[PDB]
>>> print(open('protein-v3.cif').read())   # mmCIF, C-alpha atoms
data_protein
#
loop_
_atom_site.group_PDB
_atom_site.id
_atom_site.type_symbol
_atom_site.label_atom_id
_atom_site.label_comp_id
_atom_site.auth_asym_id
_atom_site.auth_seq_id
_atom_site.Cartn_x
_atom_site.Cartn_y
_atom_site.Cartn_z
ATOM 1 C CA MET Q 1 -12.130 14.062 -27.439
ATOM 2 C CA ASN Q 2 -11.433 16.115 -24.324
ATOM 3 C CA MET Q 3 -8.476 17.572 -22.430
ATOM 4 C CA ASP Q 4 -7.322 17.573 -18.810
ATOM 5 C CA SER Q 5 -9.910 18.956 -16.400
ATOM 6 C CA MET Q 6 -10.049 17.748 -12.807
ATOM 7 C CA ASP Q 7 -11.399 20.890 -11.199
ATOM 8 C CA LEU Q 8 -14.756 19.549 -10.076
ATOM 9 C CA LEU Q 9 -15.849 17.030 -12.656
ATOM 10 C CA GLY Q 10 -18.106 14.388 -11.124
ATOM 11 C CA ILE Q 11 -18.697 12.961 -14.578
ATOM 12 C CA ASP Q 12 -18.737 9.322 -15.639
ATOM 13 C CA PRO Q 13 -15.200 7.747 -15.730
ATOM 14 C CA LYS Q 14 -14.396 9.040 -19.237
ATOM 15 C CA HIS Q 15 -11.018 10.281 -17.996
ATOM 16 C CA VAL Q 16 -10.506 7.527 -15.462
ATOM 17 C CA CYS Q 17 -7.368 5.422 -15.326
ATOM 18 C CA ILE Q 18 -7.486 1.954 -16.861
ATOM 19 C CA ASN Q 19 -7.484 -1.111 -14.641
ATOM 20 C CA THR Q 20 -3.754 -1.466 -14.190
ATOM 21 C CA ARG Q 21 -1.827 -4.561 -13.177
ATOM 22 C CA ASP Q 22 1.412 -2.641 -12.877
ATOM 23 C CA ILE Q 23 0.334 -0.176 -10.235
ATOM 24 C CA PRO Q 24 -0.339 -1.791 -6.819
ATOM 25 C CA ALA Q 25 -3.622 -1.503 -4.949
ATOM 26 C CA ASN Q 26 -4.435 1.643 -2.950
ATOM 27 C CA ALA Q 27 -2.495 3.769 -5.407
ATOM 28 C CA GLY Q 28 -3.480 6.220 -8.101
ATOM 29 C CA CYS Q 29 -2.465 5.634 -11.694
ATOM 30 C CA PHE Q 30 -2.214 8.653 -13.973
ATOM 31 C CA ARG Q 31 -1.506 8.099 -17.630
ATOM 32 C CA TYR Q 32 -1.012 11.234 -19.619
ATOM 33 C CA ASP Q 33 -1.718 11.815 -23.307
ATOM 34 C CA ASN Q 34 1.977 12.416 -24.001
ATOM 35 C CA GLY Q 35 2.646 8.871 -22.803
ATOM 36 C CA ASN Q 36 3.841 9.924 -19.384
ATOM 37 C CA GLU Q 37 2.748 7.783 -16.484
ATOM 38 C CA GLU Q 38 2.580 8.662 -12.830
ATOM 39 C CA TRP Q 39 1.688 6.479 -9.920
ATOM 40 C CA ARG Q 40 0.883 7.922 -6.554
ATOM 41 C CA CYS Q 41 0.716 5.719 -3.535
ATOM 42 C CA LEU Q 42 -1.608 6.641 -0.691
ATOM 43 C CA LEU Q 43 -0.627 8.079 2.679
ATOM 44 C CA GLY Q 44 0.614 5.631 5.268
ATOM 45 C CA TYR Q 45 1.693 3.244 2.569
ATOM 46 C CA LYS Q 46 5.296 2.318 2.128
ATOM 47 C CA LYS Q 47 7.110 1.132 -0.987
ATOM 48 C CA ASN Q 48 7.744 -2.597 -0.674
ATOM 49 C CA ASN Q 49 8.786 -4.591 -3.712
ATOM 50 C CA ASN Q 50 7.050 -2.180 -6.151
ATOM 51 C CA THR Q 51 3.936 -2.662 -4.061
ATOM 52 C CA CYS Q 52 2.086 -0.401 -1.629
ATOM 53 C CA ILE Q 53 1.657 -1.771 1.863
ATOM 54 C CA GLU Q 54 0.315 -0.116 4.979
ATOM 55 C CA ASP Q 55 3.365 0.442 7.207
ATOM 56 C CA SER Q 56 3.369 0.697 11.013
ATOM 57 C CA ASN Q 57 6.339 3.086 10.779
ATOM 58 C CA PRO Q 58 5.409 5.504 8.027
ATOM 59 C CA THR Q 59 8.078 8.158 7.744
ATOM 60 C CA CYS Q 60 5.827 9.834 5.185
ATOM 61 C CA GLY Q 61 5.764 6.284 3.634
ATOM 62 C CA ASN Q 62 6.955 7.726 0.341
ATOM 63 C CA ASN Q 63 9.441 10.443 -0.642
ATOM 64 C CA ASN Q 64 6.473 12.814 -0.966
ATOM 65 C CA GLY Q 65 4.010 10.682 1.010
ATOM 66 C CA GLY Q 66 2.546 9.522 -2.250
ATOM 67 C CA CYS Q 67 0.913 12.893 -2.584
ATOM 68 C CA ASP Q 68 1.168 14.871 -5.838
ATOM 69 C CA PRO Q 69 4.655 16.396 -6.429
ATOM 70 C CA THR Q 70 3.238 19.820 -5.551
ATOM 71 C CA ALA Q 71 1.483 18.561 -2.391
ATOM 72 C CA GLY Q 72 3.197 18.777 0.985
ATOM 73 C CA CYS Q 73 3.844 15.777 3.201
ATOM 74 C CA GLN Q 74 3.700 16.585 6.903
ATOM 75 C CA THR Q 75 4.602 14.090 9.586
ATOM 76 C CA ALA Q 76 3.076 14.463 13.045
ATOM 77 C CA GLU Q 77 2.575 12.379 16.169
ATOM 78 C CA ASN Q 78 -0.005 14.309 18.183
ATOM 79 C CA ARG Q 79 -2.179 14.378 15.058
ATOM 80 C CA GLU Q 80 -2.206 10.585 14.697
ATOM 81 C CA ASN Q 81 -5.946 10.892 15.264
ATOM 82 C CA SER Q 82 -6.378 12.035 11.680
ATOM 83 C CA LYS Q 83 -3.417 9.828 10.661
ATOM 84 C CA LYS Q 84 0.319 9.502 11.150
ATOM 85 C CA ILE Q 85 0.725 11.441 7.913
ATOM 86 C CA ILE Q 86 -0.963 14.734 7.240
ATOM 87 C CA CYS Q 87 -0.717 15.775 3.624
ATOM 88 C CA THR Q 88 -1.136 19.359 2.597
ATOM 89 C CA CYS Q 89 -4.095 19.757 0.245
ATOM 90 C CA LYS Q 90 -3.779 22.130 -2.704
ATOM 91 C CA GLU Q 91 -5.206 25.605 -3.307
ATOM 92 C CA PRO Q 92 -8.999 26.179 -2.705
ATOM 93 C CA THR Q 93 -10.386 23.085 -4.338
ATOM 94 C CA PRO Q 94 -13.113 21.251 -2.377
ATOM 95 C CA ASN Q 95 -12.725 18.238 -4.666
ATOM 96 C CA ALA Q 96 -10.304 15.812 -3.107
ATOM 97 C CA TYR Q 97 -9.465 13.006 -5.461
ATOM 98 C CA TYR Q 98 -7.518 9.799 -4.899
ATOM 99 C CA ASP Q 99 -8.210 9.893 -1.141
ATOM 100 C CA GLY Q 100 -6.741 13.383 -0.814
ATOM 101 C CA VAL Q 101 -3.646 12.641 -2.873
ATOM 102 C CA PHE Q 102 -4.766 15.328 -5.299
ATOM 103 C CA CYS Q 103 -6.986 18.309 -4.660
ATOM 104 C CA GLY Q 104 -8.943 19.834 -7.527
#
>>> encode(input="protein-v3.cif", output="structure tokens")
Amino acid sequence: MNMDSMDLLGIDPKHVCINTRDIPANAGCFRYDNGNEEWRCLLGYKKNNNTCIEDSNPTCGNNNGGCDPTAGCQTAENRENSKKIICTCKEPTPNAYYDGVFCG
């Protein structure tokens, strides 16, 4: 009874993803109305046997770091304080969802 709107919601999980057994832990599951399904692993997590594990050698951990397709994955060493992987948040959107995997 509603459409896509993630730009500052804060509402009850009416548009939340279902408890999935297909998507591994520490990953975001997005199921679209058209039937499309996206799964975004978190930063620092590597793809191991269709599962997301925290990897000691995360070369962005995922092709795009697990970040949204339009988010930028940046790898640094001197910034390991914030993490080994620094993902580029999206346009001015102070609402970071999925641990920063998606902004706004």
>>> residues_around(input="protein-v3.cif", residues="segment 79-82 of chain Q", least_positions_apart="5", cutoff="12 Å", atoms="all atoms listed in the file", output="PyMOL selection string")
chain Q and resi 43-44+56+58+74+87
>>> closest_residue(input="protein-v3.cif", among="Q:103, Q:95, Q:34, Q:5", to="residue 70 of chain Q", atoms="all atoms listed in the file")
Q:103
>>> resolve_selection(input="protein-v3.cif", expression="the PyMOL selection byres ((chain Q and resi 73) around 7)", output="list in words")
residues 60, 64, 65, 71, 72, 74, 75, 86, 87 and 88 of chain Q
>>> atom_distance(input="protein-v3.cif", atom1="atom CA of residue 54 of chain Q", atom2="atom CA of residue 93 of chain Q")
27.2 Å
>>> atom_distance(input="protein-v3.cif", atom1="atom CA of residue 40 of chain Q", atom2="atom CA of residue 21 of chain Q")
14.4 Å
>>> atom_distance(input="protein-v3.cif", atom1="atom CA of residue 11 of chain Q", atom2="atom CA of residue 69 of chain Q")
25.0 Å
>>> residues_around(input="protein-v3.cif", residues="residue 45 of chain Q", least_positions_apart="2", cutoff="6 Å", atoms="all atoms listed in the file", output="ChimeraX atom specification")
/Q:42-43,52-55,61
>>> closest_residue(input="protein-v3.cif", among="Q:16, Q:85, Q:9, Q:25", to="residue 47 of chain Q", atoms="all atoms listed in the file")
Q:25
